[PDB]
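K.L.:
Next up, work-v9.cif (mmCIF, C-alpha atoms and all ligand atoms).
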```
data_upload
loop_
_atom_site.label_atom_id
_atom_site.label_comp_id
_atom_site.auth_asym_id
_atom_site.auth_seq_id
_atom_site.Cartn_x
_atom_site.Cartn_y
_atom_site.Cartn_z
CA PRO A 1 -49.38 51.18 -39.64
CA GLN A 2 -48.55 54.69 -38.61
CA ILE A 3 -51.33 56.35 -36.60
CA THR A 4 -51.78 60.07 -35.81
CA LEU A 5 -53.49 61.07 -32.53
CA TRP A 6 -56.26 63.46 -33.57
CA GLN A 7 -58.68 60.63 -32.73
CA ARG A 8 -58.53 57.98 -29.98
CA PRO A 9 -56.16 55.17 -31.19
CA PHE A 10 -58.52 52.22 -31.26
CA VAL A 11 -57.64 48.87 -32.82
CA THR A 12 -59.62 45.68 -33.17
CA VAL A 13 -58.51 42.76 -31.07
CA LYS A 14 -59.57 39.13 -30.97
CA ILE A 15 -59.35 37.19 -27.72
CA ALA A 16 -60.81 33.74 -26.94
CA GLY A 17 -62.92 33.92 -30.12
CA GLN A 18 -64.41 37.29 -29.17
CA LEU A 19 -63.94 40.61 -31.00
CA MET A 20 -63.66 44.03 -29.39
CA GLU A 21 -61.97 47.37 -29.83
CA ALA A 22 -59.29 48.60 -27.47
CA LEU A 23 -57.24 51.73 -27.00
CA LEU A 24 -53.48 51.56 -27.76
CA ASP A 25 -52.34 53.23 -24.54
CA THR A 26 -48.72 54.14 -23.93
CA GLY A 27 -49.64 55.46 -20.45
CA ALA A 28 -50.80 52.00 -19.34
CA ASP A 29 -48.31 49.42 -17.97
CA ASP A 30 -50.91 46.65 -18.29
CA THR A 31 -53.76 45.55 -20.53
CA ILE A 32 -57.29 45.75 -19.12
CA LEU A 33 -60.42 44.46 -20.78
CA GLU A 34 -64.09 44.79 -19.96
CA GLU A 35 -65.79 41.92 -18.15
CA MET A 36 -65.68 38.87 -20.38
CA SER A 37 -65.57 35.10 -20.16
CA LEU A 38 -61.96 34.03 -20.29
CA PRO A 39 -61.55 30.38 -19.36
CA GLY A 40 -59.37 29.01 -16.55
CA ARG A 41 -57.64 30.09 -13.29
CA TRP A 42 -56.97 33.75 -12.46
CA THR A 43 -55.55 35.95 -9.64
CA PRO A 44 -57.20 38.85 -7.79
CA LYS A 45 -55.47 42.17 -8.49
CA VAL A 46 -56.19 45.88 -8.04
CA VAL A 47 -55.14 48.58 -10.54
CA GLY A 48 -54.85 52.30 -9.82
CA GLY A 49 -55.99 54.95 -12.26
CA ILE A 50 -56.77 58.65 -12.16
CA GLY A 51 -59.84 58.37 -9.92
CA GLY A 52 -58.75 55.61 -7.54
CA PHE A 53 -58.48 51.82 -7.67
CA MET A 54 -60.34 48.99 -9.37
CA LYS A 55 -60.47 45.28 -8.59
CA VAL A 56 -59.61 43.02 -11.54
CA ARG A 57 -58.97 39.38 -12.43
CA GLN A 58 -55.48 38.70 -13.76
CA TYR A 59 -55.21 36.09 -16.53
CA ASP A 60 -51.78 34.95 -17.66
CA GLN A 61 -50.46 33.64 -20.99
CA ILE A 62 -53.53 34.83 -22.90
CA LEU A 63 -53.34 34.86 -26.70
CA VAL A 64 -54.35 38.24 -28.12
CA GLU A 65 -54.72 38.96 -31.78
CA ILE A 66 -54.09 42.73 -32.09
CA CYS A 67 -54.79 44.13 -35.54
CA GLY A 68 -54.25 40.51 -36.65
CA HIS A 69 -50.78 40.25 -35.01
CA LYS A 70 -50.66 37.37 -32.50
CA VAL A 71 -49.12 38.06 -29.08
CA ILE A 72 -49.30 36.34 -25.69
CA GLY A 73 -49.36 37.99 -22.31
CA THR A 74 -51.16 38.96 -19.16
CA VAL A 75 -54.63 40.43 -19.47
CA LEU A 76 -56.60 42.01 -16.62
CA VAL A 77 -60.38 41.71 -16.72
CA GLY A 78 -62.81 43.96 -14.82
CA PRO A 79 -65.25 46.94 -14.79
CA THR A 80 -63.01 49.19 -16.88
CA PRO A 81 -64.60 52.17 -18.67
CA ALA A 82 -62.44 51.36 -21.71
CA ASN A 83 -60.59 48.32 -23.12
CA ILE A 84 -56.90 49.26 -22.95
CA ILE A 85 -53.87 47.67 -24.61
CA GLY A 86 -50.94 48.54 -22.33
CA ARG A 87 -47.16 48.41 -22.82
CA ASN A 88 -47.00 44.72 -21.86
CA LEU A 89 -48.58 43.95 -25.24
CA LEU A 90 -47.53 47.06 -27.18
CA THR A 91 -43.88 45.98 -26.94
CA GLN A 92 -44.88 42.66 -28.55
CA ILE A 93 -46.33 44.35 -31.66
CA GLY A 94 -43.21 46.51 -32.10
CA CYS A 95 -45.06 49.68 -31.13
CA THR A 96 -43.06 52.92 -30.91
CA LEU A 97 -43.85 56.57 -30.31
CA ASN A 98 -42.36 58.95 -32.87
CA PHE A 99 -42.28 62.75 -32.57
CA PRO B 1 -36.96 60.83 -31.73
CA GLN B 2 -38.39 57.30 -31.73
CA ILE B 3 -39.32 55.82 -28.32
CA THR B 4 -39.84 52.06 -27.65
CA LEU B 5 -42.21 51.04 -24.83
CA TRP B 6 -40.23 48.67 -22.63
CA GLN B 7 -40.19 51.46 -20.05
CA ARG B 8 -42.73 54.18 -19.26
CA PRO B 9 -42.44 56.98 -21.90
CA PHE B 10 -41.49 59.95 -19.74
CA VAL B 11 -40.37 63.31 -21.18
CA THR B 12 -39.18 66.49 -19.52
CA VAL B 13 -41.59 69.38 -19.77
CA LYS B 14 -41.30 73.00 -18.75
CA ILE B 15 -44.41 74.98 -17.78
CA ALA B 16 -44.56 78.43 -16.15
CA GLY B 17 -40.84 78.21 -15.41
CA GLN B 18 -41.19 74.87 -13.61
CA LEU B 19 -39.67 71.57 -14.73
CA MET B 20 -41.30 68.17 -14.35
CA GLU B 21 -41.52 64.82 -16.09
CA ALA B 22 -44.73 63.59 -17.67
CA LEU B 23 -45.91 60.45 -19.33
CA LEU B 24 -46.57 60.56 -23.11
CA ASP B 25 -50.02 58.94 -23.00
CA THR B 26 -51.94 57.99 -26.15
CA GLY B 27 -54.81 56.73 -23.95
CA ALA B 28 -55.40 60.23 -22.52
CA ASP B 29 -57.58 62.76 -24.36
CA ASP B 30 -56.34 65.59 -22.13
CA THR B 31 -53.19 66.66 -20.29
CA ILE B 32 -53.16 66.50 -16.46
CA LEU B 33 -50.45 67.76 -14.16
CA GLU B 34 -49.88 67.43 -10.43
CA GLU B 35 -50.83 70.34 -8.17
CA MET B 36 -48.78 73.35 -9.18
CA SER B 37 -49.05 77.12 -9.24
CA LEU B 38 -50.31 78.24 -12.63
CA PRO B 39 -51.29 81.92 -12.63
CA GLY B 40 -54.73 83.18 -13.69
CA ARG B 41 -58.38 82.17 -14.09
CA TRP B 42 -59.44 78.51 -14.30
CA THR B 43 -62.60 76.37 -14.64
CA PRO B 44 -63.77 73.51 -12.36
CA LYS B 45 -63.78 70.16 -14.17
CA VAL B 46 -63.97 66.44 -13.38
CA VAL B 47 -62.02 63.79 -15.30
CA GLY B 48 -62.98 60.13 -15.24
CA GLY B 49 -60.35 57.43 -15.27
CA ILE B 50 -59.98 53.90 -14.02
CA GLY B 51 -61.01 53.92 -10.37
CA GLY B 52 -63.49 56.74 -10.95
CA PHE B 53 -63.41 60.51 -11.14
CA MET B 54 -61.12 63.32 -10.01
CA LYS B 55 -61.79 67.05 -9.61
CA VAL B 56 -59.39 69.32 -11.52
CA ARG B 57 -58.72 72.96 -12.46
CA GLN B 58 -58.81 73.58 -16.20
CA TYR B 59 -56.32 76.15 -17.54
CA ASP B 60 -56.48 77.23 -21.17
CA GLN B 61 -53.92 78.52 -23.66
CA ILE B 62 -51.02 77.37 -21.47
CA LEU B 63 -47.53 77.26 -22.98
CA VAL B 64 -45.85 73.87 -22.56
CA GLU B 65 -42.33 73.05 -23.64
CA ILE B 66 -42.36 69.30 -24.23
CA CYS B 67 -38.87 67.92 -24.78
CA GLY B 68 -37.74 71.51 -25.50
CA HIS B 69 -40.42 72.20 -28.15
CA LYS B 70 -43.20 74.74 -27.62
CA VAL B 71 -46.93 73.98 -27.78
CA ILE B 72 -49.97 75.76 -26.42
CA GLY B 73 -53.11 74.14 -25.08
CA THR B 74 -55.35 73.22 -22.21
CA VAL B 75 -53.80 71.77 -19.09
CA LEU B 76 -55.76 70.23 -16.20
CA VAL B 77 -54.23 70.54 -12.74
CA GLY B 78 -55.12 68.27 -9.82
CA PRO B 79 -54.39 65.31 -7.46
CA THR B 80 -53.18 63.03 -10.25
CA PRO B 81 -50.85 60.11 -9.44
CA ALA B 82 -48.92 60.89 -12.62
CA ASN B 83 -48.29 63.88 -14.83
CA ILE B 84 -49.77 62.93 -18.20
CA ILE B 85 -49.36 64.51 -21.64
CA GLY B 86 -52.56 63.66 -23.51
CA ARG B 87 -53.55 63.74 -27.19
CA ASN B 88 -54.47 67.42 -27.05
CA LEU B 89 -50.72 68.19 -26.85
CA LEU B 90 -49.33 65.06 -28.51
CA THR B 91 -50.87 66.13 -31.81
CA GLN B 92 -48.99 69.43 -31.52
CA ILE B 93 -45.58 67.72 -31.29
CA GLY B 94 -46.39 65.55 -34.33
CA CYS B 95 -46.56 62.39 -32.22
CA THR B 96 -47.52 59.15 -33.98
CA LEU B 97 -47.78 55.51 -32.98
CA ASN B 98 -45.97 53.13 -35.30
CA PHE B 99 -46.57 49.35 -35.21
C1 LIG C 1 -51.01 53.38 -15.13
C2 LIG C 1 -51.41 51.94 -15.24
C3 LIG C 1 -50.69 50.99 -14.52
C4 LIG C 1 -51.03 49.65 -14.60
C5 LIG C 1 -52.09 49.25 -15.41
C6 LIG C 1 -52.81 50.19 -16.14
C7 LIG C 1 -53.94 49.71 -17.01
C8 LIG C 1 -52.46 51.55 -16.07
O1 LIG C 1 -53.17 52.49 -16.77
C9 LIG C 1 -54.48 52.84 -16.32
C10 LIG C 1 -54.85 54.27 -16.61
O2 LIG C 1 -55.84 54.73 -16.08
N1 LIG C 1 -54.07 54.96 -17.45
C11 LIG C 1 -54.36 56.36 -17.78
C12 LIG C 1 -53.04 57.10 -17.55
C13 LIG C 1 -52.49 57.01 -16.13
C14 LIG C 1 -51.12 56.80 -15.94
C15 LIG C 1 -50.58 56.71 -14.65
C16 LIG C 1 -51.41 56.83 -13.54
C17 LIG C 1 -52.78 57.04 -13.72
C18 LIG C 1 -53.31 57.13 -15.01
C19 LIG C 1 -54.71 56.41 -19.27
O3 LIG C 1 -53.58 55.92 -19.98
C20 LIG C 1 -55.90 55.56 -19.71
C21 LIG C 1 -57.25 56.11 -19.25
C22 LIG C 1 -58.31 55.33 -20.05
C23 LIG C 1 -59.73 55.85 -19.95
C24 LIG C 1 -60.44 55.76 -18.76
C25 LIG C 1 -61.75 56.24 -18.69
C26 LIG C 1 -62.36 56.81 -19.81
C27 LIG C 1 -61.65 56.90 -21.00
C28 LIG C 1 -60.34 56.42 -21.08
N2 LIG C 1 -57.33 57.51 -19.68
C29 LIG C 1 -57.69 58.48 -18.85
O4 LIG C 1 -57.97 58.29 -17.67
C30 LIG C 1 -57.75 59.86 -19.48
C31 LIG C 1 -57.13 61.00 -18.63
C32 LIG C 1 -55.73 60.66 -18.15
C33 LIG C 1 -57.08 62.32 -19.40
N3 LIG C 1 -59.12 60.21 -19.86
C34 LIG C 1 -60.01 60.68 -18.78
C35 LIG C 1 -61.47 60.60 -19.25
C36 LIG C 1 -61.69 61.05 -20.69
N4 LIG C 1 -60.75 60.25 -21.45
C37 LIG C 1 -59.47 60.12 -21.15
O5 LIG C 1 -58.66 59.95 -22.02
#
```
Render the structure in this file as structure tokens.
P.N.:
Amino acid sequence: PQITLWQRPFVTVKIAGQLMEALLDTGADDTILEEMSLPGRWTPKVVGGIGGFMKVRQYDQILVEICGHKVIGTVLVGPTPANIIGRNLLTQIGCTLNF
Amino acid sequence: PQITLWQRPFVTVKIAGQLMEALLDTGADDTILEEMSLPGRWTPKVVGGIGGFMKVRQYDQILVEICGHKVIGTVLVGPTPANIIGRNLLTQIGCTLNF
């Protein structure tokens, strides 16, 4: 798909049997999802945004189905105001900016 | 041009005679630049990101040359960790996501 940017670029994603929408975000290095049950071990991490820092749980080798495409990578889970698909996964769906 | 996302998508921008780099950011509604001297009236505003909220100065009808091409729009100025070109200006340079 080609997507213009007049609206927020949301896509549907499926992770660990659960469905949600997330923003395709070229300004994000990492992928961050709202508090959810992901099974297994994790690592404490903190991410910095525009207003300061946020504590998250880092989960590795997570399967993400993004617009149906299957990719695997690191997902951060915590009290984010928006689910964000960052470049770590965008590269895996062949995402480019064109202008 | 087409830009892949293995690295952060920085572009050179020129605003009020000053040069800087900024992130092309599909996850940003608005454009925010580090503290700089923009002449003229402004409006107090707060933007909410990850980590919380940040106070900014809102400047309207500002000319921005993004990768050499001219657009006009609102720019927020404040203590941002990164200069960010948001969708308000991305739409004006015909920016699309392709995946
Ligand atoms: C930079 C980074 C590094 C590692 C991991 C991650 C997830 C990273 O990205 C986190 C991040 O906040 N990135 C921002 C841009 C970023 C890059 C580098 C440093 C800091 C930040 C931006 O892209 C996404 C973030 C999402 C969002 C948050 C709250 C509400 C709605 C949306 N968007 C916003 O903050 C925008 C701002 C910029 C105009 N925003 C503000 C309110 C209204 N909606 C909205 O669009």
K.L.:
Can you tell me which residues come within 6 Å of ligand LIG 1 (chain C) when counting only C-alpha atoms and all ligand atoms, ideally as a list in words?
P.N.:
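The distance check yields residues 25, 27, 28, 29, 30, 31, 32, 47, 49, 50, 81 and 82 of chain A; 25, 27, 28, 29, 30, 31, 47, 48, 49, 50, 81 and 82 of chain B.
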K.L.:
Please compute the atom CA of residue B:46-atom CA of residue B:80 distance, one decimal, in Å.
P.N.:
11.7 Å
K.L.:
Near chain B, meaning an atom within 6 Å, which residues of chain A appear when counting all atoms listed in the file? Write them as a PyMOL selection string.
P.N.:
chain A and resi 1-5+25-27+49-54+87+91+94-99
K.L.:
Axis-aligned box over every listed atom of stretch 24-39 of chain B, padded by 8 Å per side: centre and edges in Å to one decimal, as lines of an AutoDock Vina configuration file?
P.N.:
```
center_x = -52.1
center_y = 69.3
center_z = -17.2
size_x = 27.0
size_y = 41.2
size_z = 34.0
```
K.L.:
What is the atom CA of residue A:68 to atom CA of residue A:40 distance in Å?
P.N.:
23.7 Å
K.L.:
Could you name the residues that touch residue B:14 at 10 Å or less, counting only C-alpha atoms, but leaving out those on the same chain fewer than 4 positions away, as a list in words?
P.N.:
residues 18, 19, 20, 21, 63, 64, 65, 66, 67, 68, 69 and 70 of chain B
K.L.:
Those residues you just picked out, can you put them in a file as an mmCIF file, in the frame of the given file with C-alpha atoms?
P.N.:
```
data_model
loop_
_atom_site.group_PDB
_atom_site.id
_atom_site.type_symbol
_atom_site.label_atom_id
_atom_site.label_comp_id
_atom_site.auth_asym_id
_atom_site.auth_seq_id
_atom_site.Cartn_x
_atom_site.Cartn_y
_atom_site.Cartn_z
ATOM 1 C CA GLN B 18 -41.190 74.870 -13.610
ATOM 2 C CA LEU B 19 -39.670 71.570 -14.730
ATOM 3 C CA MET B 20 -41.300 68.170 -14.350
ATOM 4 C CA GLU B 21 -41.520 64.820 -16.090
ATOM 5 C CA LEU B 63 -47.530 77.260 -22.980
ATOM 6 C CA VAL B 64 -45.850 73.870 -22.560
ATOM 7 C CA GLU B 65 -42.330 73.050 -23.640
ATOM 8 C CA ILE B 66 -42.360 69.300 -24.230
ATOM 9 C CA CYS B 67 -38.870 67.920 -24.780
ATOM 10 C CA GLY B 68 -37.740 71.510 -25.500
ATOM 11 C CA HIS B 69 -40.420 72.200 -28.150
ATOM 12 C CA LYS B 70 -43.200 74.740 -27.620
#
```
K.L.:
Please determine the residues with any atom at most 9 Å from (-46.7, 77.1, -9.2) (coordinates as given in the file, with all atoms listed in the file counting) and report them as JSON, numbers by chain.
P.N.:
{"B": [16, 17, 18, 35, 36, 37, 38, 39]}
K.L.:
Include C-alpha atoms and write out the residues we just selected as a compact mmCIF listing (two decimals), in the coordinates of the input.
P.N.:
```
# COMPACT_ATOMS: atom_id res chain seq x y z
CA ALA B 16 -44.56 78.43 -16.15
CA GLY B 17 -40.84 78.21 -15.41
CA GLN B 18 -41.19 74.87 -13.61
CA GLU B 35 -50.83 70.34 -8.17
CA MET B 36 -48.78 73.35 -9.18
CA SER B 37 -49.05 77.12 -9.24
CA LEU B 38 -50.31 78.24 -12.63
CA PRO B 39 -51.29 81.92 -12.63
```
K.L.:
Could you tell me how far atom CA of residue B:71 sits from atom CA of residue B:83, in Å to one decimal place?
P.N.:
16.5 Å
K.L.:
(-55.7, 37.0, -7.0) in this file's frame - what residues fall within 12 Å of it? Use only C-alpha atoms and give the answer as an mmCIF file with C-alpha atoms, in the frame of the given file.
P.N.:
```cif
data_model
loop_
_atom_site.group_PDB
_atom_site.id
_atom_site.type_symbol
_atom_site.label_atom_id
_atom_site.label_comp_id
_atom_site.auth_asym_id
_atom_site.auth_seq_id
_atom_site.Cartn_x
_atom_site.Cartn_y
_atom_site.Cartn_z
ATOM 1 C CA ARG A 41 -57.640 30.090 -13.290
ATOM 2 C CA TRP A 42 -56.970 33.750 -12.460
ATOM 3 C CA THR A 43 -55.550 35.950 -9.640
ATOM 4 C CA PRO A 44 -57.200 38.850 -7.790
ATOM 5 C CA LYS A 45 -55.470 42.170 -8.490
ATOM 6 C CA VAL A 46 -56.190 45.880 -8.040
ATOM 7 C CA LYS A 55 -60.470 45.280 -8.590
ATOM 8 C CA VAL A 56 -59.610 43.020 -11.540
ATOM 9 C CA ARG A 57 -58.970 39.380 -12.430
ATOM 10 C CA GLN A 58 -55.480 38.700 -13.760
ATOM 11 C CA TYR A 59 -55.210 36.090 -16.530
ATOM 12 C CA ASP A 60 -51.780 34.950 -17.660
ATOM 13 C CA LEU A 76 -56.600 42.010 -16.620
ATOM 14 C CA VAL A 77 -60.380 41.710 -16.720
#
```
